[PDB]
>>> print(open('data13.cif').read())   # mmCIF, N, CA and C atoms
data_final
loop_
_atom_site.label_atom_id
_atom_site.label_comp_id
_atom_site.auth_asym_id
_atom_site.auth_seq_id
_atom_site.Cartn_x
_atom_site.Cartn_y
_atom_site.Cartn_z
N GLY A 1 12.42 -7.70 55.30
CA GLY A 1 12.12 -6.33 54.93
C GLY A 1 12.72 -5.32 55.89
N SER A 2 12.61 -4.05 55.54
CA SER A 2 13.15 -2.98 56.37
C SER A 2 12.25 -2.72 57.58
N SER A 3 10.96 -2.55 57.32
CA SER A 3 9.99 -2.29 58.38
C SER A 3 9.45 -3.60 58.94
N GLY A 4 9.15 -3.60 60.24
CA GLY A 4 8.62 -4.79 60.87
C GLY A 4 7.28 -4.55 61.54
N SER A 5 7.06 -5.20 62.69
CA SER A 5 5.82 -5.05 63.42
C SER A 5 4.61 -5.24 62.50
N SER A 6 4.70 -6.25 61.64
CA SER A 6 3.62 -6.55 60.70
C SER A 6 3.12 -7.97 60.88
N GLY A 7 1.85 -8.11 61.27
CA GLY A 7 1.27 -9.42 61.47
C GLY A 7 0.44 -9.50 62.74
N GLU A 8 -0.76 -10.07 62.62
CA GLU A 8 -1.65 -10.20 63.77
C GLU A 8 -1.67 -11.63 64.28
N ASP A 9 -1.67 -11.78 65.60
CA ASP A 9 -1.69 -13.11 66.22
C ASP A 9 -2.81 -13.21 67.25
N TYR A 10 -3.93 -13.80 66.85
CA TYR A 10 -5.07 -13.96 67.74
C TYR A 10 -5.53 -15.41 67.79
N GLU A 11 -4.93 -16.19 68.68
CA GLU A 11 -5.28 -17.60 68.82
C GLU A 11 -5.88 -17.88 70.20
N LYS A 12 -6.86 -18.78 70.24
CA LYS A 12 -7.51 -19.13 71.50
C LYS A 12 -8.11 -17.90 72.17
N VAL A 13 -8.56 -16.95 71.36
CA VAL A 13 -9.15 -15.72 71.88
C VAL A 13 -10.67 -15.84 71.96
N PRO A 14 -11.25 -15.21 72.99
CA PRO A 14 -12.70 -15.22 73.21
C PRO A 14 -13.46 -14.42 72.16
N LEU A 15 -13.04 -13.18 71.96
CA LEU A 15 -13.68 -12.31 70.98
C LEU A 15 -12.65 -11.72 70.02
N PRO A 16 -12.47 -12.38 68.87
CA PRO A 16 -11.51 -11.94 67.84
C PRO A 16 -11.96 -10.65 67.15
N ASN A 17 -11.01 -9.76 66.90
CA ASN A 17 -11.31 -8.49 66.24
C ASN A 17 -12.12 -8.72 64.97
N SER A 18 -12.09 -9.95 64.47
CA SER A 18 -12.82 -10.29 63.25
C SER A 18 -14.29 -9.90 63.37
N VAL A 19 -14.94 -10.37 64.42
CA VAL A 19 -16.35 -10.07 64.65
C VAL A 19 -16.58 -8.56 64.75
N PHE A 20 -15.56 -7.84 65.20
CA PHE A 20 -15.64 -6.39 65.34
C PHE A 20 -15.38 -5.70 64.01
N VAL A 21 -16.45 -5.27 63.35
CA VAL A 21 -16.34 -4.60 62.06
C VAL A 21 -16.62 -3.10 62.20
N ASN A 22 -15.89 -2.30 61.44
CA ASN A 22 -16.06 -0.85 61.48
C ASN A 22 -17.18 -0.41 60.55
N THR A 23 -18.10 -1.33 60.26
CA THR A 23 -19.23 -1.03 59.39
C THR A 23 -20.50 -0.76 60.19
N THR A 24 -21.04 0.45 60.05
CA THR A 24 -22.25 0.83 60.76
C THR A 24 -23.48 0.67 59.88
N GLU A 25 -23.41 -0.27 58.94
CA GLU A 25 -24.52 -0.52 58.03
C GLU A 25 -24.91 -2.00 58.06
N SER A 26 -26.01 -2.30 58.73
CA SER A 26 -26.49 -3.68 58.84
C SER A 26 -26.49 -4.36 57.47
N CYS A 27 -26.98 -3.65 56.46
CA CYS A 27 -27.03 -4.18 55.11
C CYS A 27 -25.68 -4.74 54.69
N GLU A 28 -24.62 -3.96 54.92
CA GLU A 28 -23.27 -4.39 54.56
C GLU A 28 -22.92 -5.72 55.22
N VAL A 29 -23.15 -5.79 56.53
CA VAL A 29 -22.86 -7.01 57.28
C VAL A 29 -23.43 -8.24 56.58
N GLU A 30 -24.66 -8.12 56.11
CA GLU A 30 -25.32 -9.22 55.42
C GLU A 30 -24.52 -9.66 54.20
N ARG A 31 -23.99 -8.68 53.48
CA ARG A 31 -23.20 -8.96 52.28
C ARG A 31 -21.87 -9.62 52.64
N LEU A 32 -21.20 -9.07 53.65
CA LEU A 32 -19.92 -9.60 54.10
C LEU A 32 -20.03 -11.09 54.43
N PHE A 33 -20.94 -11.42 55.34
CA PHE A 33 -21.15 -12.80 55.74
C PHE A 33 -21.08 -13.74 54.54
N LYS A 34 -21.93 -13.48 53.55
CA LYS A 34 -21.96 -14.30 52.34
C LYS A 34 -20.67 -14.15 51.54
N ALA A 35 -20.04 -12.98 51.66
CA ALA A 35 -18.79 -12.71 50.95
C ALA A 35 -17.66 -13.57 51.50
N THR A 36 -17.30 -13.34 52.76
CA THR A 36 -16.23 -14.09 53.40
C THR A 36 -16.39 -15.59 53.16
N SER A 37 -17.62 -16.01 52.86
CA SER A 37 -17.91 -17.42 52.62
C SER A 37 -17.45 -17.83 51.22
N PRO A 38 -16.67 -18.92 51.16
CA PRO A 38 -16.15 -19.45 49.89
C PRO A 38 -17.24 -20.06 49.02
N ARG A 39 -18.46 -20.12 49.57
CA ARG A 39 -19.59 -20.68 48.84
C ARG A 39 -20.73 -19.67 48.75
N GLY A 40 -20.39 -18.39 48.88
CA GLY A 40 -21.40 -17.35 48.81
C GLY A 40 -22.61 -17.66 49.66
N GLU A 41 -22.38 -18.29 50.81
CA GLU A 41 -23.47 -18.64 51.72
C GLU A 41 -22.94 -18.87 53.13
N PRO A 42 -23.37 -18.01 54.07
CA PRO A 42 -22.95 -18.10 55.47
C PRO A 42 -23.55 -19.31 56.18
N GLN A 43 -22.89 -19.75 57.24
CA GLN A 43 -23.36 -20.90 58.01
C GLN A 43 -24.29 -20.46 59.13
N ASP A 44 -25.33 -21.25 59.37
CA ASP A 44 -26.30 -20.94 60.42
C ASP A 44 -25.60 -20.67 61.74
N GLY A 45 -25.90 -19.52 62.34
CA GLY A 45 -25.29 -19.16 63.60
C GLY A 45 -24.26 -18.06 63.45
N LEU A 46 -23.88 -17.77 62.21
CA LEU A 46 -22.89 -16.73 61.93
C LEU A 46 -23.25 -15.43 62.64
N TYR A 47 -22.45 -15.06 63.63
CA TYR A 47 -22.70 -13.83 64.38
C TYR A 47 -21.49 -12.90 64.31
N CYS A 48 -21.70 -11.64 64.68
CA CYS A 48 -20.63 -10.65 64.66
C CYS A 48 -20.97 -9.45 65.54
N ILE A 49 -20.11 -8.44 65.52
CA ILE A 49 -20.33 -7.24 66.31
C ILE A 49 -19.96 -5.99 65.53
N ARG A 50 -20.97 -5.25 65.08
CA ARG A 50 -20.75 -4.03 64.32
C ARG A 50 -21.06 -2.80 65.17
N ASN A 51 -20.82 -1.62 64.60
CA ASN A 51 -21.07 -0.37 65.30
C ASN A 51 -22.44 0.19 64.94
N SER A 52 -22.94 1.10 65.77
CA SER A 52 -24.24 1.71 65.54
C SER A 52 -24.12 3.23 65.44
N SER A 53 -25.13 3.86 64.86
CA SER A 53 -25.13 5.31 64.69
C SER A 53 -24.57 6.00 65.93
N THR A 54 -25.02 5.56 67.10
CA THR A 54 -24.57 6.13 68.36
C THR A 54 -23.04 6.22 68.41
N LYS A 55 -22.53 7.09 69.27
CA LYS A 55 -21.09 7.26 69.42
C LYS A 55 -20.50 6.18 70.31
N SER A 56 -19.57 5.41 69.76
CA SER A 56 -18.92 4.33 70.51
C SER A 56 -19.94 3.28 70.93
N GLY A 57 -20.84 2.94 70.01
CA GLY A 57 -21.86 1.94 70.30
C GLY A 57 -21.68 0.68 69.48
N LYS A 58 -22.22 -0.43 69.97
CA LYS A 58 -22.12 -1.71 69.28
C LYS A 58 -23.47 -2.41 69.24
N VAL A 59 -23.63 -3.33 68.29
CA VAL A 59 -24.87 -4.08 68.15
C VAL A 59 -24.61 -5.49 67.63
N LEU A 60 -24.91 -6.48 68.46
CA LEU A 60 -24.71 -7.88 68.09
C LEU A 60 -25.64 -8.28 66.95
N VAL A 61 -25.05 -8.67 65.83
CA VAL A 61 -25.82 -9.08 64.66
C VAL A 61 -25.58 -10.55 64.33
N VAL A 62 -26.64 -11.35 64.41
CA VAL A 62 -26.55 -12.78 64.12
C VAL A 62 -27.20 -13.11 62.78
N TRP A 63 -26.75 -14.19 62.16
CA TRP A 63 -27.29 -14.62 60.88
C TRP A 63 -28.34 -15.71 61.07
N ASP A 64 -29.58 -15.39 60.71
CA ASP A 64 -30.68 -16.34 60.84
C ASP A 64 -30.81 -17.20 59.58
N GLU A 65 -29.90 -18.16 59.43
CA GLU A 65 -29.91 -19.05 58.28
C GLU A 65 -31.31 -19.61 58.03
N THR A 66 -32.05 -19.82 59.11
CA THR A 66 -33.40 -20.36 59.02
C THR A 66 -34.30 -19.45 58.18
N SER A 67 -34.05 -18.14 58.27
CA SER A 67 -34.84 -17.17 57.53
C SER A 67 -34.01 -16.54 56.41
N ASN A 68 -32.71 -16.83 56.42
CA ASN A 68 -31.81 -16.29 55.41
C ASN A 68 -31.69 -14.77 55.52
N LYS A 69 -31.63 -14.29 56.76
CA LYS A 69 -31.52 -12.86 57.01
C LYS A 69 -30.66 -12.59 58.25
N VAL A 70 -30.46 -11.31 58.56
CA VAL A 70 -29.67 -10.92 59.72
C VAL A 70 -30.53 -10.25 60.77
N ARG A 71 -30.15 -10.41 62.04
CA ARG A 71 -30.89 -9.82 63.14
C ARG A 71 -30.12 -8.65 63.75
N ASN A 72 -30.70 -8.04 64.79
CA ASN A 72 -30.06 -6.91 65.46
C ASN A 72 -30.21 -7.03 66.97
N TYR A 73 -29.08 -6.97 67.67
CA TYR A 73 -29.08 -7.07 69.13
C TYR A 73 -28.20 -5.99 69.75
N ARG A 74 -28.81 -4.86 70.09
CA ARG A 74 -28.08 -3.76 70.70
C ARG A 74 -27.30 -4.22 71.93
N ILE A 75 -26.05 -3.78 72.03
CA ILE A 75 -25.21 -4.15 73.16
C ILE A 75 -25.02 -2.98 74.12
N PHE A 76 -25.93 -2.86 75.08
CA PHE A 76 -25.87 -1.78 76.06
C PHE A 76 -24.67 -1.96 76.99
N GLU A 77 -24.40 -0.94 77.80
CA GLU A 77 -23.28 -0.98 78.73
C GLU A 77 -23.70 -0.48 80.11
N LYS A 78 -23.93 -1.41 81.03
CA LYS A 78 -24.34 -1.06 82.38
C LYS A 78 -23.50 -1.80 83.41
N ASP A 79 -23.16 -1.12 84.50
CA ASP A 79 -22.35 -1.71 85.56
C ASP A 79 -21.11 -2.39 84.99
N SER A 80 -20.63 -1.88 83.85
CA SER A 80 -19.46 -2.43 83.20
C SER A 80 -19.71 -3.86 82.74
N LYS A 81 -20.95 -4.13 82.33
CA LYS A 81 -21.33 -5.46 81.86
C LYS A 81 -22.27 -5.37 80.67
N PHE A 82 -21.80 -5.82 79.51
CA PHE A 82 -22.61 -5.79 78.30
C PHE A 82 -23.91 -6.57 78.49
N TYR A 83 -25.03 -5.91 78.23
CA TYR A 83 -26.34 -6.54 78.37
C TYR A 83 -27.22 -6.24 77.17
N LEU A 84 -28.18 -7.12 76.91
CA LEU A 84 -29.10 -6.95 75.79
C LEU A 84 -30.53 -6.79 76.28
N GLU A 85 -30.85 -7.46 77.38
CA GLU A 85 -32.19 -7.40 77.95
C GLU A 85 -32.23 -6.43 79.14
N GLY A 86 -31.11 -6.33 79.84
CA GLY A 86 -31.04 -5.44 80.99
C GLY A 86 -30.53 -6.15 82.23
N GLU A 87 -31.44 -6.48 83.14
CA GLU A 87 -31.07 -7.16 84.38
C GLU A 87 -29.98 -8.19 84.13
N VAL A 88 -29.99 -8.77 82.93
CA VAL A 88 -29.00 -9.78 82.56
C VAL A 88 -27.83 -9.16 81.81
N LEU A 89 -26.70 -9.01 82.49
CA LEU A 89 -25.51 -8.43 81.89
C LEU A 89 -24.35 -9.42 81.91
N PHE A 90 -23.23 -9.02 81.31
CA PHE A 90 -22.05 -9.87 81.26
C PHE A 90 -20.77 -9.04 81.33
N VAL A 91 -20.03 -9.19 82.42
CA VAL A 91 -18.79 -8.46 82.61
C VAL A 91 -18.07 -8.24 81.28
N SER A 92 -18.05 -9.27 80.45
CA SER A 92 -17.40 -9.20 79.15
C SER A 92 -18.17 -9.99 78.10
N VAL A 93 -18.10 -9.54 76.85
CA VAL A 93 -18.80 -10.20 75.76
C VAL A 93 -18.56 -11.71 75.79
N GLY A 94 -17.30 -12.10 75.94
CA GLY A 94 -16.97 -13.51 75.98
C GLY A 94 -17.95 -14.32 76.80
N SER A 95 -18.11 -13.94 78.07
CA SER A 95 -19.02 -14.64 78.97
C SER A 95 -20.43 -14.69 78.38
N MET A 96 -20.92 -13.53 77.95
CA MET A 96 -22.25 -13.44 77.37
C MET A 96 -22.45 -14.49 76.28
N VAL A 97 -21.49 -14.57 75.36
CA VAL A 97 -21.56 -15.54 74.27
C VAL A 97 -21.75 -16.95 74.80
N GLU A 98 -20.90 -17.34 75.75
CA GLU A 98 -20.97 -18.67 76.34
C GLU A 98 -22.34 -18.91 76.98
N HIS A 99 -22.93 -17.85 77.53
CA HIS A 99 -24.23 -17.94 78.16
C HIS A 99 -25.32 -18.24 77.14
N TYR A 100 -25.27 -17.54 76.01
CA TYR A 100 -26.25 -17.73 74.95
C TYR A 100 -26.11 -19.11 74.31
N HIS A 101 -24.86 -19.56 74.17
CA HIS A 101 -24.59 -20.87 73.58
C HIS A 101 -25.65 -21.88 73.98
N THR A 102 -26.19 -21.72 75.19
CA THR A 102 -27.21 -22.62 75.70
C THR A 102 -28.55 -21.91 75.85
N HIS A 103 -28.50 -20.59 75.97
CA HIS A 103 -29.71 -19.79 76.12
C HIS A 103 -29.98 -18.97 74.86
N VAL A 104 -30.74 -19.56 73.93
CA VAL A 104 -31.07 -18.88 72.68
C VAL A 104 -31.29 -17.39 72.90
N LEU A 105 -30.92 -16.59 71.90
CA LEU A 105 -31.08 -15.14 71.98
C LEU A 105 -32.55 -14.75 71.94
N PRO A 106 -32.87 -13.57 72.49
CA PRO A 106 -34.24 -13.05 72.53
C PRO A 106 -34.75 -12.65 71.14
N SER A 107 -36.06 -12.52 71.01
CA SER A 107 -36.67 -12.15 69.74
C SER A 107 -36.55 -13.28 68.73
N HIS A 108 -36.42 -14.51 69.23
CA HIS A 108 -36.29 -15.68 68.36
C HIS A 108 -36.77 -16.94 69.08
N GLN A 109 -36.62 -18.08 68.42
CA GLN A 109 -37.03 -19.35 69.00
C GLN A 109 -35.82 -20.24 69.28
N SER A 110 -35.03 -20.51 68.25
CA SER A 110 -33.85 -21.35 68.38
C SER A 110 -32.66 -20.73 67.66
N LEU A 111 -32.32 -19.51 68.03
CA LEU A 111 -31.20 -18.80 67.41
C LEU A 111 -30.04 -18.66 68.40
N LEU A 112 -29.10 -19.60 68.34
CA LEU A 112 -27.94 -19.57 69.23
C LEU A 112 -26.68 -19.19 68.46
N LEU A 113 -25.61 -18.92 69.19
CA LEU A 113 -24.34 -18.55 68.58
C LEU A 113 -23.46 -19.77 68.34
N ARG A 114 -23.28 -20.13 67.08
CA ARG A 114 -22.46 -21.28 66.72
C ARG A 114 -21.04 -20.85 66.35
N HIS A 115 -20.94 -20.04 65.29
CA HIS A 115 -19.64 -19.56 64.83
C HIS A 115 -19.68 -18.05 64.59
N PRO A 116 -18.62 -17.36 65.03
CA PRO A 116 -18.51 -15.90 64.88
C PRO A 116 -18.29 -15.49 63.42
N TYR A 117 -18.23 -14.19 63.19
CA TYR A 117 -18.03 -13.66 61.84
C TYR A 117 -16.55 -13.45 61.56
N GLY A 118 -16.17 -13.57 60.28
CA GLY A 118 -14.78 -13.39 59.90
C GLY A 118 -13.93 -14.61 60.20
N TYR A 119 -14.06 -15.14 61.42
CA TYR A 119 -13.30 -16.31 61.83
C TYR A 119 -13.58 -17.49 60.91
N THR A 120 -12.60 -18.38 60.78
CA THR A 120 -12.73 -19.56 59.93
C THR A 120 -12.47 -20.84 60.72
N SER A 121 -13.10 -21.93 60.29
CA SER A 121 -12.94 -23.21 60.96
C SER A 121 -12.42 -24.27 59.99
N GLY A 122 -11.71 -25.26 60.52
CA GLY A 122 -11.17 -26.32 59.69
C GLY A 122 -12.18 -27.42 59.42
N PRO A 123 -12.02 -28.11 58.28
CA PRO A 123 -12.91 -29.20 57.88
C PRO A 123 -12.75 -30.43 58.76
N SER A 124 -11.66 -30.47 59.52
CA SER A 124 -11.38 -31.60 60.40
C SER A 124 -12.50 -31.78 61.42
N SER A 125 -12.87 -30.69 62.09
CA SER A 125 -13.92 -30.73 63.09
C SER A 125 -15.21 -31.29 62.50
N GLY A 126 -15.65 -30.72 61.39
CA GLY A 126 -16.87 -31.17 60.74
C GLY A 126 -16.60 -32.25 59.71
#
>>> encode(input="data13.cif", output="C-alpha coordinates")
Amino acid sequence: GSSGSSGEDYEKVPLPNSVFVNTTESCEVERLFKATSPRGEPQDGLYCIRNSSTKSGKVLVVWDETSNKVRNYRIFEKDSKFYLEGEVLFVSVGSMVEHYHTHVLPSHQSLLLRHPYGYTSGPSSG
(Lines of atoms letter the chains of each structure in order from A and count residues from 1; the text may use other names and numbers.)
(Lines give C-alpha, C1' and ligand atoms only; values in the text may rest on other atoms or scores of the structure.)
Protein backbone atom coordinates (compact mmCIF):
# COMPACT_ATOMS: atom_id res chain seq x y z
CA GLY A 1 0.00 0.00 0.00
CA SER A 2 0.88 3.69 -0.17
CA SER A 3 0.60 4.45 3.55
CA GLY A 4 2.48 2.44 6.16
CA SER A 5 3.06 2.46 9.91
CA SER A 6 0.06 0.15 10.27
CA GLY A 7 0.12 -2.72 12.75
CA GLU A 8 0.56 -3.28 16.48
CA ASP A 9 3.23 -5.55 17.97
CA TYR A 10 2.83 -6.41 21.65
CA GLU A 11 4.48 -9.72 22.55
CA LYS A 12 5.80 -10.84 25.93
CA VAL A 13 4.36 -7.64 27.40
CA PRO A 14 3.37 -7.25 31.07
CA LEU A 15 0.32 -5.04 30.55
CA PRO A 16 -1.10 -5.14 27.00
CA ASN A 17 -3.13 -2.15 25.83
CA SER A 18 -5.90 -4.74 25.49
CA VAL A 19 -6.75 -4.59 29.20
CA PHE A 20 -6.73 -0.80 28.87
CA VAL A 21 -10.19 0.12 27.57
CA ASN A 22 -11.44 3.65 26.88
CA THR A 23 -14.79 2.64 28.37
CA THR A 24 -15.79 4.42 31.58
CA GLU A 25 -18.88 2.24 32.01
CA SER A 26 -18.52 -0.85 34.20
CA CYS A 27 -21.68 -2.23 32.60
CA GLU A 28 -20.02 -2.14 29.17
CA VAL A 29 -16.96 -4.02 30.42
CA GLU A 30 -19.24 -6.86 31.52
CA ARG A 31 -20.67 -7.07 28.00
CA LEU A 32 -17.27 -6.92 26.30
CA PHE A 33 -15.82 -9.78 28.34
CA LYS A 34 -18.62 -12.09 27.18
CA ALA A 35 -18.40 -10.51 23.72
CA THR A 36 -14.71 -11.01 22.99
CA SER A 37 -15.42 -14.59 24.07
CA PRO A 38 -16.14 -16.98 21.16
CA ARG A 39 -18.54 -18.79 23.48
CA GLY A 40 -20.38 -15.77 24.86
CA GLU A 41 -18.86 -16.60 28.23
CA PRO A 42 -15.70 -15.17 29.86
CA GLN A 43 -13.19 -17.35 31.70
CA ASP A 44 -12.85 -17.18 35.49
CA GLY A 45 -10.19 -14.62 36.35
CA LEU A 46 -10.83 -12.39 33.35
CA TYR A 47 -9.48 -9.00 34.45
CA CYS A 48 -8.93 -5.63 32.77
CA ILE A 49 -8.29 -1.93 33.33
CA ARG A 50 -10.92 0.68 32.47
CA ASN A 51 -11.22 4.41 33.16
CA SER A 52 -13.26 6.13 35.86
CA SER A 53 -15.33 9.33 36.01
CA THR A 54 -12.28 11.01 37.55
CA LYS A 55 -9.83 12.73 35.20
CA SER A 56 -7.05 10.38 34.10
CA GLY A 57 -8.21 7.69 36.50
CA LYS A 58 -8.27 3.90 36.28
CA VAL A 59 -10.08 1.04 38.02
CA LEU A 60 -9.09 -2.63 37.98
CA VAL A 61 -12.14 -4.70 37.05
CA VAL A 62 -12.05 -8.47 37.47
CA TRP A 63 -14.59 -11.07 36.36
CA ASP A 64 -16.04 -13.12 39.21
CA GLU A 65 -17.00 -16.23 37.24
CA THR A 66 -17.98 -17.72 40.60
CA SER A 67 -20.75 -15.13 40.86
CA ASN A 68 -21.02 -14.42 37.13
CA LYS A 69 -20.43 -10.70 37.67
CA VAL A 70 -17.74 -8.01 37.57
CA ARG A 71 -15.93 -6.31 40.45
CA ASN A 72 -14.35 -2.89 40.94
CA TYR A 73 -10.84 -2.10 42.16
CA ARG A 74 -9.86 1.57 42.09
CA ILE A 75 -6.22 2.06 41.08
CA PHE A 76 -4.85 4.94 43.16
CA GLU A 77 -1.50 6.60 42.45
CA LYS A 78 0.87 7.23 45.36
CA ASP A 79 4.66 7.53 45.49
CA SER A 80 4.52 6.63 41.80
CA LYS A 81 3.19 3.19 42.72
CA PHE A 82 -0.29 1.92 41.82
CA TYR A 83 -2.06 0.80 44.99
CA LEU A 84 -5.54 -0.49 45.86
CA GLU A 85 -5.37 -0.78 49.65
CA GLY A 86 -2.80 1.92 50.31
CA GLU A 87 0.33 1.03 52.27
CA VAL A 88 0.65 -1.69 49.63
CA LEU A 89 1.67 -0.14 46.31
CA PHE A 90 3.41 -1.30 43.13
CA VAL A 91 5.91 0.74 41.11
CA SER A 92 4.08 -0.61 38.07
CA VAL A 93 0.85 -2.49 37.39
CA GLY A 94 2.85 -5.44 36.10
CA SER A 95 4.41 -6.09 39.50
CA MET A 96 1.06 -5.65 41.26
CA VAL A 97 -0.51 -8.30 39.03
CA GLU A 98 2.24 -10.80 39.80
CA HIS A 99 1.75 -10.05 43.50
CA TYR A 100 -1.98 -10.80 43.39
CA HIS A 101 -1.39 -13.95 41.35
CA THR A 102 -0.68 -15.47 44.77
CA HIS A 103 -2.41 -12.91 46.98
CA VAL A 104 -6.13 -12.96 46.18
CA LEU A 105 -7.62 -9.50 45.68
CA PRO A 106 -9.43 -7.70 48.54
CA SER A 107 -13.20 -7.73 48.99
CA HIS A 108 -13.23 -11.41 48.03
CA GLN A 109 -12.20 -14.91 49.11
CA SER A 110 -10.47 -16.62 46.19
CA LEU A 111 -10.44 -14.08 43.36
CA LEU A 112 -7.02 -14.06 41.69
CA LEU A 113 -5.84 -12.81 38.29
CA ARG A 114 -5.63 -15.66 35.79
CA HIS A 115 -6.03 -14.11 32.35
CA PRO A 116 -6.30 -10.43 31.31
CA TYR A 117 -9.03 -8.90 29.15
CA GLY A 118 -8.88 -8.71 25.37
CA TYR A 119 -5.81 -10.93 25.30
CA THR A 120 -6.21 -14.44 23.89
CA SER A 121 -4.58 -17.77 24.75
CA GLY A 122 -3.87 -20.87 22.68
CA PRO A 123 -5.55 -24.25 23.22
CA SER A 124 -2.10 -25.84 23.42
CA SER A 125 -1.54 -24.68 27.00
CA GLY A 126 -4.91 -25.96 28.16
>>> atom_distance(input="data13.cif", atom1="atom C of residue A:87", atom2="atom C of residue A:107")
17.5 Å
>>> closest_residue(input="data13.cif", among="A:60, A:46, A:15, A:97", to="residue A:33", atoms="only C-alpha atoms")
A:46
>>> closest_residue(input="data13.cif", among="A:64, A:39, A:20, A:70", to="residue A:51", atoms="all atoms listed in the file")
A:20
>>> atom_distance(input="data13.cif", atom1="atom CA of residue A:53", atom2="atom CA of residue A:24")
6.6 Å
>>> closest_atom_pairs(input="data13.cif", of="stretch 49-97 of chain A", to="stretch 111-114 of chain A", cutoff="10 Å", atoms="only C-alpha atoms", output="JSON lines")
{"residue": "A:62", "atom": "CA", "partner": "A:113", "partner_atom": "CA", "distance": 7.6}
{"residue": "A:63", "atom": "CA", "partner": "A:111", "partner_atom": "CA", "distance": 8.7}
{"residue": "A:64", "atom": "CA", "partner": "A:111", "partner_atom": "CA", "distance": 7.0}
{"residue": "A:65", "atom": "CA", "partner": "A:111", "partner_atom": "CA", "distance": 9.2}
{"residue": "A:66", "atom": "CA", "partner": "A:111", "partner_atom": "CA", "distance": 8.8}
{"residue": "A:71", "atom": "CA", "partner": "A:111", "partner_atom": "CA", "distance": 9.9}
{"residue": "A:97", "atom": "CA", "partner": "A:113", "partner_atom": "CA", "distance": 7.0}
>>> select_by_dssp(input="data13.cif", residues="stretch 2-126 of chain A", states="helix (DSSP H, G or I)", output="PyMOL selection string")
chain A and resi 26-36+93-100
>>> axis_aligned_box(input="data13.cif", around="stretch 63-73 of chain A", padding_each_side="6 Å", output="JSON")
{"center_x": -30.8, "center_y": -13.2, "center_z": 62.6, "size_x": 20.1, "size_y": 26.4, "size_z": 26.3}
>>> closest_residue(input="data13.cif", among="A:102, A:95, A:43, A:125", to="residue A:68", atoms="only C-alpha atoms")
A:43
>>> residues_near_point(input="data13.cif", point="(-14.2, -14.2, 66.3)", cutoff="6 Å", atoms="only N, CA and C atoms", output="PyMOL selection string")
chain A and resi 14-19+116-117+119
>>> closest_residue(input="data13.cif", among="A:27, A:35, A:13, A:61", to="residue A:73", atoms="all atoms listed in the file")
A:61
>>> closest_residue(input="data13.cif", among="A:110, A:115, A:57, A:31", to="residue A:44", atoms="all atoms listed in the file")
A:115
>>> atom_distance(input="data13.cif", atom1="atom CA of residue A:75", atom2="atom CA of residue A:56")
10.9 Å
>>> resolve_selection(input="data13.cif", expression="the PyMOL selection byres ((chain A and resi 90-93) around 7)", output="NGL selection string")
:A and (14-15 or 79-84 or 88-89 or 94-98)
>>> closest_residue(input="data13.cif", among="A:100, A:124, A:58, A:118", to="residue A:32", atoms="all atoms listed in the file")
A:118
>>> build_atoms(input="data13.cif", residues="stretch 77-91 of chain A", atoms="N, CA, C and O atoms", output="tab-separated table (two decimals), in the frame of the given file")
chain	number	residue	atom	x	y	z
A	77	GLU	N	-24.40	-0.94	77.80
A	77	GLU	CA	-23.28	-0.98	78.73
A	77	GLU	C	-23.70	-0.48	80.11
A	77	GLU	O	-23.81	0.73	80.33
A	78	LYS	N	-23.93	-1.41	81.03
A	78	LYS	CA	-24.34	-1.06	82.38
A	78	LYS	C	-23.50	-1.80	83.41
A	78	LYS	O	-23.16	-2.97	83.23
A	79	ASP	N	-23.16	-1.12	84.50
A	79	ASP	CA	-22.35	-1.71	85.56
A	79	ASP	C	-21.11	-2.39	84.99
A	79	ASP	O	-20.60	-3.35	85.56
A	80	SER	N	-20.63	-1.88	83.85
A	80	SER	CA	-19.46	-2.43	83.20
A	80	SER	C	-19.71	-3.86	82.74
A	80	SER	O	-18.82	-4.71	82.76
A	81	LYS	N	-20.95	-4.13	82.33
A	81	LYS	CA	-21.33	-5.46	81.86
A	81	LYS	C	-22.27	-5.37	80.67
A	81	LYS	O	-23.41	-4.91	80.80
A	82	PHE	N	-21.80	-5.82	79.51
A	82	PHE	CA	-22.61	-5.79	78.30
A	82	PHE	C	-23.91	-6.57	78.49
A	82	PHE	O	-23.89	-7.75	78.85
A	83	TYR	N	-25.03	-5.91	78.23
A	83	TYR	CA	-26.34	-6.54	78.37
A	83	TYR	C	-27.22	-6.24	77.17
A	83	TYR	O	-27.04	-5.22	76.49
A	84	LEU	N	-28.18	-7.12	76.91
A	84	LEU	CA	-29.10	-6.95	75.79
A	84	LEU	C	-30.53	-6.79	76.28
A	84	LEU	O	-31.33	-6.08	75.67
A	85	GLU	N	-30.85	-7.46	77.38
A	85	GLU	CA	-32.19	-7.40	77.95
A	85	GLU	C	-32.23	-6.43	79.14
A	85	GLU	O	-33.26	-5.80	79.40
A	86	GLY	N	-31.11	-6.33	79.84
A	86	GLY	CA	-31.04	-5.44	80.99
A	86	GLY	C	-30.53	-6.15	82.23
A	86	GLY	O	-29.33	-6.38	82.37
A	87	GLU	N	-31.44	-6.48	83.14
A	87	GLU	CA	-31.07	-7.16	84.38
A	87	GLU	C	-29.98	-8.19	84.13
A	87	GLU	O	-29.15	-8.46	85.00
A	88	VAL	N	-29.99	-8.77	82.93
A	88	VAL	CA	-29.00	-9.78	82.56
A	88	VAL	C	-27.83	-9.16	81.81
A	88	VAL	O	-27.95	-8.82	80.63
A	89	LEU	N	-26.70	-9.01	82.49
A	89	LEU	CA	-25.51	-8.43	81.89
A	89	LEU	C	-24.35	-9.42	81.91
A	89	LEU	O	-24.46	-10.51	82.46
A	90	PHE	N	-23.23	-9.02	81.31
A	90	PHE	CA	-22.05	-9.87	81.26
A	90	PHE	C	-20.77	-9.04	81.33
A	90	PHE	O	-20.47	-8.26	80.42
A	91	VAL	N	-20.03	-9.19	82.42
A	91	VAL	CA	-18.79	-8.46	82.61
A	91	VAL	C	-18.07	-8.24	81.28
A	91	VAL	O	-17.53	-7.16	81.02
